[PDB]
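Visitor: Just so it is clear, I am handing over upload20.txt, which has compact mmCIF, C-alpha atoms and all ligand atoms.
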# COMPACT_ATOMS: atom_id res chain seq x y z
CA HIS A 1 -14.76 -1.08 -2.22
CA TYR A 2 -12.49 -3.14 0.04
CA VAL A 3 -10.10 -2.56 3.04
CA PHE A 4 -6.84 -4.09 4.37
CA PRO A 5 -7.69 -4.53 8.10
CA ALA A 6 -5.05 -6.93 9.55
CA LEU A 7 -1.44 -8.15 9.01
CA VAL A 8 -0.88 -11.86 8.16
CA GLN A 9 2.18 -13.56 9.76
CA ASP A 10 3.08 -17.34 9.87
CA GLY A 11 -0.01 -18.14 7.74
CA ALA A 12 -2.55 -16.63 10.24
CA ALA A 13 -4.41 -13.26 10.36
CA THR A 14 -3.82 -11.08 13.44
CA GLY A 15 -6.80 -9.08 14.76
CA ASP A 16 -8.67 -6.65 12.49
CA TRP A 17 -7.02 -3.17 13.02
CA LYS A 18 -4.72 -4.60 15.79
CA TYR A 19 -1.34 -4.05 14.03
CA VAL A 20 -2.95 -1.84 11.25
CA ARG A 21 -4.08 1.82 11.76
CA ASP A 22 -7.93 1.93 11.54
CA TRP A 23 -9.23 4.99 9.57
CA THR A 24 -12.29 7.34 9.69
CA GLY A 25 -14.98 5.76 7.53
CA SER A 26 -13.31 2.30 7.09
CA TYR A 27 -16.80 0.80 7.62
CA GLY A 28 -17.87 2.28 4.21
CA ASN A 29 -14.86 0.76 2.27
CA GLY A 30 -14.43 4.22 0.60
CA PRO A 31 -11.65 5.09 -1.90
CA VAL A 32 -9.13 7.90 -1.43
CA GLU A 33 -9.69 10.02 -4.63
CA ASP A 34 -7.21 12.96 -4.13
CA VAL A 35 -3.46 11.96 -4.25
CA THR A 36 -2.63 15.53 -2.84
CA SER A 37 -4.67 14.72 0.38
CA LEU A 38 -3.01 13.53 3.67
CA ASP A 39 -5.49 10.59 3.15
CA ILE A 40 -3.09 9.06 0.51
CA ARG A 41 -0.46 8.35 3.26
CA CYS A 42 -2.37 5.93 5.66
CA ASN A 43 -6.06 6.81 4.86
CA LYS A 44 -8.33 9.33 6.64
CA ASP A 45 -6.99 10.53 10.06
CA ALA A 46 -4.67 7.44 10.24
CA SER A 47 -1.32 9.24 9.66
CA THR A 48 -1.19 11.48 12.75
CA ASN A 49 -0.22 8.52 15.07
CA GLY A 50 -0.97 4.88 16.11
CA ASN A 51 -1.59 5.68 19.82
CA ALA A 52 -4.16 2.74 19.78
CA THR A 53 -2.40 0.43 17.19
CA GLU A 54 0.23 -2.27 18.04
CA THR A 55 3.54 -3.08 16.28
CA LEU A 56 4.20 -6.68 15.04
CA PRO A 57 7.77 -8.02 15.55
CA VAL A 58 9.03 -9.29 12.16
CA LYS A 59 12.35 -10.40 10.52
CA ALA A 60 14.12 -8.88 7.50
CA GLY A 61 13.29 -11.50 4.79
CA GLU A 62 9.89 -12.53 6.26
CA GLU A 63 6.67 -12.67 4.14
CA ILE A 64 4.18 -10.35 5.89
CA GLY A 65 0.77 -9.89 4.22
CA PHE A 66 -2.66 -8.29 4.82
CA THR A 67 -6.20 -9.75 4.89
CA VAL A 68 -8.58 -8.14 2.33
CA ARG A 69 -12.11 -7.31 3.59
CA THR A 70 -14.33 -9.00 1.02
CA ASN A 71 -11.87 -9.01 -1.96
CA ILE A 72 -10.01 -6.84 -4.52
CA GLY A 73 -13.12 -6.35 -6.76
CA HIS A 74 -11.59 -3.60 -8.98
CA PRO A 75 -8.85 -3.85 -11.65
CA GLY A 76 -5.39 -2.39 -10.92
CA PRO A 77 -1.81 -2.68 -9.56
CA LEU A 78 -0.87 -3.79 -6.00
CA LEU A 79 1.91 -1.69 -4.33
CA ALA A 80 3.57 -1.82 -0.88
CA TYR A 81 5.73 0.90 0.79
CA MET A 82 7.65 1.13 4.11
CA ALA A 83 9.04 4.09 6.17
CA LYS A 84 11.63 3.88 9.05
CA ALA A 85 10.19 5.50 12.23
CA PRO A 86 12.78 7.49 14.27
CA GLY A 87 11.45 5.68 17.42
CA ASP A 88 8.19 3.71 18.14
CA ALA A 89 5.98 3.06 15.02
CA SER A 90 2.92 4.28 17.07
CA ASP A 91 4.59 7.77 17.48
CA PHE A 92 5.51 8.04 13.76
CA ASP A 93 3.33 10.32 11.48
CA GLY A 94 5.10 9.09 8.29
CA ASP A 95 5.80 12.73 7.22
CA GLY A 96 8.74 13.79 4.96
CA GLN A 97 10.63 11.82 2.23
CA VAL A 98 10.67 8.55 4.27
CA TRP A 99 8.71 6.13 1.98
CA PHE A 100 10.36 3.49 -0.30
CA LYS A 101 8.53 0.94 -2.50
CA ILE A 102 9.17 -2.77 -1.60
CA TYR A 103 6.61 -4.27 -4.14
CA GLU A 104 4.48 -3.59 -7.24
CA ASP A 105 2.79 -5.81 -9.88
CA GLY A 106 1.43 -5.07 -13.36
CA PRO A 107 -1.20 -6.39 -15.79
CA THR A 108 -1.41 -9.22 -18.35
CA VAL A 109 -2.76 -8.48 -21.90
CA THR A 110 -5.62 -10.91 -22.77
CA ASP A 111 -8.28 -11.19 -25.51
CA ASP A 112 -10.81 -9.65 -22.95
CA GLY A 113 -8.33 -6.74 -22.13
CA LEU A 114 -6.09 -6.37 -18.98
CA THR A 115 -6.25 -9.02 -16.19
CA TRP A 116 -4.37 -8.28 -12.86
CA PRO A 117 -2.56 -10.47 -10.25
CA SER A 118 -4.84 -8.81 -7.59
CA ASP A 119 -8.21 -9.62 -9.30
CA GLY A 120 -10.59 -11.24 -6.70
CA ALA A 121 -7.80 -11.50 -4.01
CA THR A 122 -8.89 -12.30 -0.35
CA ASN A 123 -5.33 -11.81 0.93
CA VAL A 124 -2.10 -10.16 -0.38
CA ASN A 125 1.52 -10.76 0.77
CA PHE A 126 4.91 -8.98 0.48
CA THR A 127 8.50 -9.80 1.58
CA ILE A 128 10.39 -7.48 4.00
CA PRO A 129 13.74 -7.14 2.07
CA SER A 130 16.45 -9.31 3.75
CA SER A 131 18.94 -6.33 3.96
CA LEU A 132 16.39 -3.88 5.61
CA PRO A 133 17.98 -2.42 8.84
CA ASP A 134 16.60 -3.06 12.38
CA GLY A 135 13.88 -0.47 13.25
CA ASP A 136 10.13 0.33 13.58
CA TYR A 137 8.47 0.80 10.13
CA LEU A 138 5.04 1.69 8.70
CA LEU A 139 4.00 -0.93 6.04
CA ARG A 140 1.68 0.86 3.53
CA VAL A 141 -0.33 -1.53 1.26
CA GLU A 142 -2.15 0.06 -1.72
CA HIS A 143 -4.41 -1.20 -4.54
CA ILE A 144 -5.02 1.51 -7.25
CA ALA A 145 -8.41 0.71 -8.94
CA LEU A 146 -8.29 2.04 -12.57
CA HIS A 147 -11.81 1.18 -13.95
CA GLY A 148 -12.75 4.94 -13.86
CA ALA A 149 -9.12 6.25 -14.19
CA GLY A 150 -9.65 7.55 -17.80
CA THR A 151 -10.52 11.01 -16.40
CA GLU A 152 -8.43 13.10 -13.98
CA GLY A 153 -9.65 12.45 -10.42
CA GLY A 154 -10.98 8.99 -11.41
CA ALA A 155 -8.27 6.56 -10.09
CA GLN A 156 -9.26 5.05 -6.68
CA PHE A 157 -6.75 4.32 -3.85
CA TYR A 158 -7.41 1.52 -1.29
CA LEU A 159 -4.76 1.74 1.51
CA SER A 160 -3.79 0.83 5.08
CA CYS A 161 -0.63 1.33 7.26
CA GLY A 162 0.57 -1.54 9.44
CA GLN A 163 3.24 -1.13 12.17
CA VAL A 164 6.18 -3.60 12.33
CA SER A 165 9.42 -3.83 14.36
CA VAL A 166 12.23 -5.38 12.24
CA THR A 167 15.10 -7.56 13.60
CA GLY A 168 17.62 -9.88 11.81
CA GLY A 169 18.30 -6.86 9.58
CA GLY A 170 21.20 -6.11 7.19
CA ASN A 171 22.90 -2.89 5.95
CA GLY A 172 20.45 -1.89 3.18
CA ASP A 173 20.02 1.81 2.36
CA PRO A 174 16.37 1.99 1.13
CA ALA A 175 16.02 4.54 -1.72
CA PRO A 176 14.77 6.34 -3.52
CA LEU A 177 12.65 7.96 -0.68
CA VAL A 178 9.37 9.86 -1.41
CA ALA A 179 6.48 11.57 0.47
CA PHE A 180 2.72 10.82 0.70
CA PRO A 181 1.33 13.14 -0.48
CA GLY A 182 3.94 14.14 -3.15
CA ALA A 183 4.98 10.79 -4.76
CA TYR A 184 1.87 10.72 -7.01
CA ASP A 185 0.56 13.38 -9.50
CA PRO A 186 -3.00 12.98 -10.94
CA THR A 187 -1.65 13.20 -14.60
CA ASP A 188 0.91 10.28 -13.92
CA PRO A 189 0.76 7.63 -16.71
CA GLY A 190 -0.07 4.89 -14.11
CA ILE A 191 -2.95 7.00 -12.55
CA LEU A 192 -4.57 8.87 -15.50
CA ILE A 193 -5.12 5.94 -17.94
CA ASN A 194 -7.84 4.42 -20.19
CA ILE A 195 -7.27 0.70 -19.40
CA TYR A 196 -9.96 -0.35 -22.03
CA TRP A 197 -10.40 1.59 -25.35
CA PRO A 198 -6.81 1.33 -26.52
CA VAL A 199 -5.50 -1.68 -24.47
CA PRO A 200 -2.28 -0.55 -22.65
CA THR A 201 0.82 -2.46 -23.87
CA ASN A 202 3.33 -1.15 -21.21
CA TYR A 203 1.39 -0.10 -18.05
CA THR A 204 3.69 1.65 -15.55
CA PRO A 205 2.58 1.63 -11.83
CA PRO A 206 3.13 5.16 -10.45
CA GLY A 207 5.63 6.30 -7.78
CA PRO A 208 9.35 5.53 -7.48
CA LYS A 209 11.15 2.27 -8.51
CA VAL A 210 11.19 -0.80 -6.18
CA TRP A 211 13.90 -0.93 -3.52
CA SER A 212 15.23 -4.58 -3.68
CA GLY A 213 18.52 -3.91 -1.77
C1 LIG A 301 3.25 -14.34 -1.79
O1 LIG A 301 2.78 -15.67 -1.57
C2 LIG A 301 2.95 -16.57 -2.68
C3 LIG A 301 2.42 -17.96 -2.30
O2 LIG A 301 3.18 -18.55 -1.24
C4 LIG A 301 4.41 -16.67 -3.15
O3 LIG A 301 4.52 -17.43 -4.38
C5 LIG A 301 5.04 -15.30 -3.37
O4 LIG A 301 6.46 -15.50 -3.45
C6 LIG A 301 4.71 -14.32 -2.23
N1 LIG A 301 5.05 -12.93 -2.57
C7 LIG A 301 5.81 -12.10 -1.80
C8 LIG A 301 5.95 -10.71 -2.39
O5 LIG A 301 6.33 -12.43 -0.70
CU CU A 302 -15.05 0.29 -5.06
Please express the file's structure as structure tokens.

Guide:
Amino acid sequence: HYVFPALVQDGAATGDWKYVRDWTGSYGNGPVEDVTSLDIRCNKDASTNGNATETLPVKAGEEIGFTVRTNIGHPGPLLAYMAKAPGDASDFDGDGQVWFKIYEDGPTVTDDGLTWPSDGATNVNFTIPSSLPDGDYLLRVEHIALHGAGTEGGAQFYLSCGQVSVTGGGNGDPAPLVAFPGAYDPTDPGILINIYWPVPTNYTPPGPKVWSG
């Protein structure tokens, strides 16, 4: 139970939900539980637009992060996605095959079982690929909590969508492109997984491969 309320730029948080789409029930720190739901895109009611969210100017190559409200208190992978808006980020619903992955981490095998780079984290950061073209993007941050993921319907998704306007961009062609919902299936080997009883040797975060450019 955590949220990603604000973007981090130049080693300072911006305002809670200023450059990030606030979502229905964000107060309760509730997980998305259905990867077929519109919720999996930007969380509940957040996709339809950002008519009251701002867009942060950023550079291709810049490290943009998110604050974490309390901390990442569940085990699992961190993932980030972006999507080019056809105009202003605040008018973009993020529909269609427009999402590409820019980041994902995976676990370490210990004596005690899997540890994760996200465990206890109070902030998270990513790097806008240096070749990403000029444009308005959604920046979708996701932690997939896997502590109850042994049964179908048991993986938890903790998400937010930030709005950024990218300059200093190159001639990258982000791909492959996927949809939320649609990228994830509840039987996916990174979503339906017993992280404990046989200790995973080769855990595979779901969705498409990372676009590096
Ligand atoms: C996140 O921040 C750490 C600490 O400065 C850094 O080592 C790492 O390269 C950064 N990761 C990304 C994805 O920008
Ligand atoms: Cu929780």

Visitor: Neighbours of ligand LIG 301 (chain A) within 6 Å, counting all atoms listed in the file, as a list in words?

Guide: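 Checked against 6 Å with all atoms listed in the file; the hits are residues 63, 125, 126 and 127 of chain A.
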
Visitor: Residues up to 8 Å from ligand CU 302 (chain A), counting all atoms listed in the file: could you list those as a list in words?

Guide: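 Result of the 8 Å neighbour search around ligand CU 302 (chain A): residues 1, 2, 29, 30, 31, 73, 74, 145 and 156 of chain A.
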
Visitor: Any chance you could tabulate, as a Markdown table, the residues of range 86-174 of chain A at most 8 Å from range 194-197 of chain A with each one's nearest atom pair and distance in Å to one decimal, using all atoms listed in the file, in chain and rising number order?

Guide:
| residue | atom | partner | partner_atom | distance |
| --- | --- | --- | --- | --- |
| A:113 | CA | A:196 | CA | 6.6 |
| A:114 | CA | A:195 | CA | 7.2 |
| A:146 | CA | A:195 | CA | 7.0 |
| A:147 | CA | A:195 | CA | 7.1 |
| A:149 | CA | A:194 | CA | 6.4 |
| A:150 | CA | A:194 | CA | 4.3 |

Visitor: Please provide as a list in words all residues within 8 Å of residue 78 in chain A, with the sequence filter that same-chain residues fewer than 5 positions apart are discarded (counting only C-alpha atoms).

Guide: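 Once the adjacent positions are removed, what remains is residues 103, 104, 105, 106, 118, 141, 142, 143 and 144 of chain A.
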
Visitor: Restrict the selected residues to C-alpha atoms and save them as a compact mmCIF listing (two decimals), in the frame of the given file.

Guide:
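What landed in result.txt:
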# COMPACT_ATOMS: atom_id res chain seq x y z
CA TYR A 103 6.61 -4.27 -4.14
CA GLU A 104 4.48 -3.59 -7.24
CA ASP A 105 2.79 -5.81 -9.88
CA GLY A 106 1.43 -5.07 -13.36
CA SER A 118 -4.84 -8.81 -7.59
CA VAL A 141 -0.33 -1.53 1.26
CA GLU A 142 -2.15 0.06 -1.72
CA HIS A 143 -4.41 -1.20 -4.54
CA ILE A 144 -5.02 1.51 -7.25

Visitor: At a cut-off of 8 Å around the point (8.4, 3.5, 12.0) (file coordinates), what residues fall inside when counting only C-alpha atoms? I'd like the answer as a list in words.

Guide: residues 83, 84, 85, 86, 87, 88, 89, 90, 91, 92, 94, 135, 136, 137, 138, 163, 164 and 165 of chain A
